[PDB]
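Just the one chain here, laid out as structure tokens, in the form deposited in one PDB entry.
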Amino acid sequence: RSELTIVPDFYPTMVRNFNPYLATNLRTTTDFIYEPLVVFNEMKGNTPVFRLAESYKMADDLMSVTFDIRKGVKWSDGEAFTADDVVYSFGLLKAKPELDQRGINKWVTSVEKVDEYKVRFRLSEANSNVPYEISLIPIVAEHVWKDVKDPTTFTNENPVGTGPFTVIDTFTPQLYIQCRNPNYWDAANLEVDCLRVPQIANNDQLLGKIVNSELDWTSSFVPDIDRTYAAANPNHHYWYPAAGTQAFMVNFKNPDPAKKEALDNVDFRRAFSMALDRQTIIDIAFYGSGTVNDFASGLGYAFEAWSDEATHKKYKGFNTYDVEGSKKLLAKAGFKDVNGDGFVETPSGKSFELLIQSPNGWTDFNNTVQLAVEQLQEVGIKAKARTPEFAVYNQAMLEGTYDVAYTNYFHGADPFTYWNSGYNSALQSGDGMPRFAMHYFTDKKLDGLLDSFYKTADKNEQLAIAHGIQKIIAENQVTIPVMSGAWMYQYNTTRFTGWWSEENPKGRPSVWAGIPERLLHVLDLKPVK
């Protein structure tokens, strides 16, 4: 039996939860258990790869879109996958908005069933990118979920899915094995029998295992990769294609008076920013992987084609290592040390210590925070590194109780994914939504520009919109962008072949939940002969 050992996420222990709509689920639920209608290859310019749906047609006015369901597709329990499943799934999100992870309810007014295998989504507002948005909404089995009294707490321990791996062959607190859907519609293309998911708590436990060659597919941070991982075995390979932005997010509505006086001050945010030595952070914390990001808008040099150089040039200084500039700005802004501790107090003389959070176990982020704390001390800003578990880290953000948080973002073929997910105020409310836009800075015009991006197909018009977004975010120094990272990815050729690589760059190689292309990737693998 071919078992692919994968690590899409860390856990202190394995807790059986296969609900695709819950943040507490196992990260092998979406894609592998519940296959999407279409998987967009974001690397290749967002090209749709059709799976459960054979085709779709967006109406010319961009106010609706139809999807043709592939016939002959079955759930793991033998029942047919039809339009009823799709209709029910979005109806569920309407019934329980906390299960709405994309904020899709705002855009989709209704989801009508045209026929057994055809559904039509009607929008509340024009969005040519709705197909992509729809593709990220998990679709569950209506014949099963309609009998579930409360979907919000349903742990779905014995999942019925459309994906390649639905059989829970083994489940212990330290390991679970997800095997082949006995009724998989694409069985002929699946050459991996089981997904082996061992329990790993953090980067330290992961390093020990990966160098010992007991893992096949991973996307974790690995220090000194060449010496410690690559040079240790000819079967140890990796490929780090460029990815999105990473930055420090500040909470504009921190409940502490002193902290809010600091964080909700553009001059302080710029001074915080200038204190950071971005290159040293990349060299030290990331071992030279990644590039400096001195775009106040967080755009990133990779997307320079979308940048208005003038805007970049004007705020670039506030996003460049400059100790003197930082200290001079703080003083001019009225931030001074009035109690002799070497740290600046707020203009009204209040003391404060910024708690910078980064998830426990994410050592590359943890090290970045500590480096940042030390760099901030140099400019007189008091800070302390905190490493709460991801759940806590994430929660403190959805509830706005955190101070500052270092985080990465998802990355698409253009800056929209980043700008929209990291700034659309519509994504700042609602349980079930990620952390990305939870800084609580809001602007009507910004939201308007963002929401207008896919209302037109005119690239020159989209560029004009991009420029407008850039300036508003840059002008307000909403976050403190630091760098553009990469899709960390490590593969072992000891047991399987067919992996994506620089030589075979089929798309984002990550195995993390949220990278739907992982379904396509796993379907390219085959055990060694």
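All residue numbers are counted from 1 along the displayed sequence. Throughout, rigid core stands for the largest set of C-alpha atoms superposing within 1.5 Å between the two forms. Residues that one form lacks are left out of the comparison.
What comes next is about the form deposited in another entry, which is not displayed.
- When the two forms are superposed on their rigid core between this form and the one not shown, the C-alpha shift of 2 Å or more among 352, 185, 88, 238 belongs solely to 352.
- Pairwise change in the other form: residue 240 and residue 304 C-alpha atoms lie closer than in the shown form, at least 3 Å.
- Wider separation of the C-alpha atoms of residue 394 and residue 207, by 3 angstroms or more, is seen in the other form than in the present form.
- The protein segments that move between this form and the one not shown, counted as runs of at least three consecutive residues with every Cα displaced by 2 Å or more relative to the fitted core, are 245 to 286, 290 to 453, 455 to 484.
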